[PDB]
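Right, one structure below, let's go through it.
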Amino acid sequence: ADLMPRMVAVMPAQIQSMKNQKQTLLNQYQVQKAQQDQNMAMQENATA
Amino acid sequence: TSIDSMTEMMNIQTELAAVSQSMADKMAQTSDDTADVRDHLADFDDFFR
């Protein structure tokens, strides 16, 4: 009964790491999507 | 940070394993004693059987 609370208190640290990773993934998606779409818009009809 | 948390979790799991082993051994000894008690009680009362 003394060991159990230690395992309980271990958990929250990992969830914060997962949340931060999700935020990083969303920001990365936005940045790379914008870059790719901008490049495709600029390079369109450049073979004229 | 996640690696640190997992390492702590593994240490706690090892401690739980040790606790479980100690509990199993002590319960085995207790069951042996209770079996002795039951054998004594069953062998008794033959005067009253």
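Every chain in the structure tokens has a letter given in the order shown (A, B, ...), and although residue numbers restart at 1 in each chain, ligands are simply numbered from 1 in the order shown.
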
task: Find the spatial neighbours of residue 20 in chain A, counting only C-alpha atoms, within a cut-off of 12 Å - ignore same-chain residues fewer than 6 positions away - and output them as an MDAnalysis selection string.
output: (chainID A and resid 13:14 26:27) or (chainID B and resid 1:2)

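Set the cut-off at 9 Å, count only C-alpha atoms, and the residues of chain B near chain A turn out to be residues 1, 2, 3, 5, 6, 8, 9, 12, 13, 15 and 16 of chain B.
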
Could you turn the residues from that selection into a file that holds C-alpha atoms, as a PDB file, in the first residue's frame?
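Heads up, here's the output in out.pdb:
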ATOM      1  CA  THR B   1      11.804  12.997 -18.823  1.00  0.00           C
ATOM      2  CA  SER B   2       9.755  10.048 -20.085  1.00  0.00           C
ATOM      3  CA  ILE B   3      12.821   7.796 -19.856  1.00  0.00           C
ATOM      4  CA  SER B   5       9.643   8.093 -15.453  1.00  0.00           C
ATOM      5  CA  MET B   6       9.878   4.662 -17.083  1.00  0.00           C
ATOM      6  CA  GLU B   8      11.337   4.744 -11.869  1.00  0.00           C
ATOM      7  CA  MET B   9       8.362   2.597 -12.886  1.00  0.00           C
ATOM      8  CA  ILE B  12       8.832   0.112  -8.441  1.00  0.00           C
ATOM      9  CA  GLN B  13       7.838  -3.001 -10.395  1.00  0.00           C
ATOM     10  CA  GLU B  15       9.974  -3.794  -5.516  1.00  0.00           C
ATOM     11  CA  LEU B  16       6.429  -5.070  -6.095  1.00  0.00           C
TER      12      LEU B  16
END
